[PDB]
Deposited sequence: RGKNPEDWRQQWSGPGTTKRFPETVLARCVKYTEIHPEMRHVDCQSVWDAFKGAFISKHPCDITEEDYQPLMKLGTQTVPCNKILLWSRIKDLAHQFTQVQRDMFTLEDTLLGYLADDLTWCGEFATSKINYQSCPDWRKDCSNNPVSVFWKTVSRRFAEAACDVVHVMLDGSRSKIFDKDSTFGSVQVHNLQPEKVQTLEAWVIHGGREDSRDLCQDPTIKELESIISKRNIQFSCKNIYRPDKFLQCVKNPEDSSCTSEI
């Protein structure tokens, strides 16, 4: 008897990857160079090993959050929903802008999966809990919830958010962005949230779910703005001009 979750297990070579990522990020971001990447890995590991993979708390990720403190310029923030690919292409071109995944902690975990088990220091490479079918307080989900919150709370001025214009729900209130990030934007620092609806033929800023988004934001005393992005590759090459 070995317990089986419904989600894929920890990515192969996850320890070696996270550590390699930390080392590489520090090499290219000179302002992080003093960071001890072996301590960063140990803290990451410390959050979830020896714990039941359903009994994880934000507080578990505190030692890692502290070591990975990085308050990027808050007026340069890009949020996204169900359109991670393009959001990242954008910040590769508009290199001063930052997504969560361009921050050290987000850079480390992007596209990865991980979990441990109760009482032992073993990483589970065969299965990890699905957030839907098994339990929502797993290592991955709790990680992303914690860093998202700090990231969205730090934001200031005009905050931008990309949305996928092809989806049935362009703004999906049951998602990290619509349920976590949007409710963490601070009225003191944030003047405006500007949505960028990415087309994949007509004004999608009229959409019912965008109006929902506007309603949410309006109730936080934050101004709202929406812009259609008809030609994706054309927008990429028109940001700097």
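Unmodelled regions of the deposited chain sequence (numbering from residue 1, in sequence order): 1-7, 208-211, 253-262.
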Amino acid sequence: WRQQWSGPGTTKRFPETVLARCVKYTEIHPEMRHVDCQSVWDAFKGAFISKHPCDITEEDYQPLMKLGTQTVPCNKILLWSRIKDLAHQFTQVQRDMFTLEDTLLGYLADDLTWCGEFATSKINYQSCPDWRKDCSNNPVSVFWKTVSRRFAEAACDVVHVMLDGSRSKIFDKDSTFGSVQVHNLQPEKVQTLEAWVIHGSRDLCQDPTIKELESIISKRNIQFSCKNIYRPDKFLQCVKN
From here on, numbers count along this sequence of modelled residues.
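Mean C-alpha B-factor is higher over 27-35 than over the other stretch, the pair under comparison being 27-35 and 43-51. Comparing 202-210 with 180-188, the stretch with the higher mean C-alpha B-factor in the PDB entry is 202-210. Ranking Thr120, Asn75, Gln94, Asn138 by Cα temperature factor from the entry places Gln94 first.
Ranked within its chain, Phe98 lands in the middle third, by CA B factor from the PDB record. Among the modelled residues of its chain, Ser225 has a C-alpha B-factor that falls in the middle third according to the deposited record. Among the modelled residues of the chain, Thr146 sits in the lowest third by CA temperature factor in this PDB entry.
Placement of the Cα temperature factor of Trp131 within the chain: highest third of the modelled residues, per the deposited record. Ranked by Cα temperature factor within the chain, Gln89 sits in the middle third according to the deposited record.
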